[PDB]
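J.: I have a structure I would like to understand better, so I am pasting it below and will then ask my questions one at a time.
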Amino acid sequence: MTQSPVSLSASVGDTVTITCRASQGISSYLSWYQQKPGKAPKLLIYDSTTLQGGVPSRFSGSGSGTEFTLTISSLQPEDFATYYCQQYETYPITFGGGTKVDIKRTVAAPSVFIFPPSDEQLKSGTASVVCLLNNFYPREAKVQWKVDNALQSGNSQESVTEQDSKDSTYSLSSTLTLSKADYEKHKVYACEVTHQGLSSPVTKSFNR
Amino acid sequence: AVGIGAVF
């Protein structure tokens with residue numbers, strides 16, 4: 001089972017297509033679901049082509065055998081969501097990996113900020129260095145950590161907000177977590193940010 | 001079929 005694409009940007013009024021491939025051939029035993037964040041899934045279409053009562057007519061399912069398409073015509077604001085196919089020819093019942101449809105807007109470069117650990121965090125015995133990428137679009141972004149101008153992997157974690165309801169951007173935190181002894185066996189700390197809105201990777205840094 | 005495909 002293979003659902004594509006993994007993600008998709010569109011505007012209100014567009015027509016979107018999502019596809020599911022099931023190479024073993026599953027006749028018409030496929031359904032489509034919609035899911036919004038923090039909510040239960042909703043069945044849109046079953047038996048490949050049947051629209052569930054109460055689901056808007058702008059949703060249409062097609063296919064038989066190996067390739068299946070969900071077409072969402074004239075996208076409405078309520079349609080920005082994640083979509084999943086489900087195969088039920090055989091057990092185990094299996095879902096596709098999902099397709100997130102988000103809102104298209106113009107490219108916006110992140111504003112990048114770096115936060116040096118407070119004295120009290122250093123007395124903590126564990127220090128967290130935070131790099132903020134603020135209000136960017138599209139979602140795709142890359143963060144690398146550099147200590148003493150040298151690459152560091154393994155001790156960072158990323159967290160991202162949902163698309164902002166006012167300006168349709170994302171924000172992301174990258175947190176580098178080290179022991180106090182380790183925190184400054186080092187001198188200079190930096191994070192380099194790569195994004196489509198930057199003509200070249202931006203680095204913000206500190207030392208002390 | 002299985003799941004909702006076997007309710008009948």
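To be explicit about the labels: the chains of the structure tokens are called A, B, and onward in the order shown, and within each one the residues are counted from 1, while ligands get numbers from 1 in the order they are shown.
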Only residues of chain A matter here; which ones have an atom within 8 Å of chain B, counting only C-alpha atoms? Give them as a ChimeraX atom specification.

T.: /A:29,47,88-91,93

J.: Near residue 148 of chain A, counting only C-alpha atoms, which residues have an atom at most 9 Å away, once you skip same-chain residues fewer than 5 positions from it, shown as a ChimeraX atom specification?

T.: /A:186-190

J.: Generate a file of the selected residues that holds N, CA and C atoms, formatted as a PDB file, in the first residue's frame.

T.:
```pdb
ATOM      1  N   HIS A 186      33.090  23.579  25.682  1.00  0.00           N
ATOM      2  CA  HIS A 186      32.917  24.289  24.417  1.00  0.00           C
ATOM      3  C   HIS A 186      32.961  25.799  24.578  1.00  0.00           C
ATOM      4  N   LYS A 187      33.056  26.555  23.489  1.00  0.00           N
ATOM      5  CA  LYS A 187      33.012  28.005  23.656  1.00  0.00           C
ATOM      6  C   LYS A 187      31.870  28.610  22.844  1.00  0.00           C
ATOM      7  N   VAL A 188      31.901  28.452  21.522  1.00  0.00           N
ATOM      8  CA  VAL A 188      30.875  29.053  20.669  1.00  0.00           C
ATOM      9  C   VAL A 188      29.790  28.053  20.235  1.00  0.00           C
ATOM     10  N   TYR A 189      28.531  28.483  20.332  1.00  0.00           N
ATOM     11  CA  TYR A 189      27.385  27.666  19.934  1.00  0.00           C
ATOM     12  C   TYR A 189      26.618  28.322  18.793  1.00  0.00           C
ATOM     13  N   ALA A 190      26.155  27.522  17.836  1.00  0.00           N
ATOM     14  CA  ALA A 190      25.463  28.064  16.667  1.00  0.00           C
ATOM     15  C   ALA A 190      24.420  27.106  16.099  1.00  0.00           C
TER      16      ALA A 190
END
```

J.: Neighbouring residues of residue 164 of chain A were defined as those with any atom within 12 Å, considering only C-alpha atoms; residues of the same chain fewer than 5 positions away were excluded. Please report them as an MDAnalysis selection string.

T.: chainID A and resid 102:105 134:139 169:172
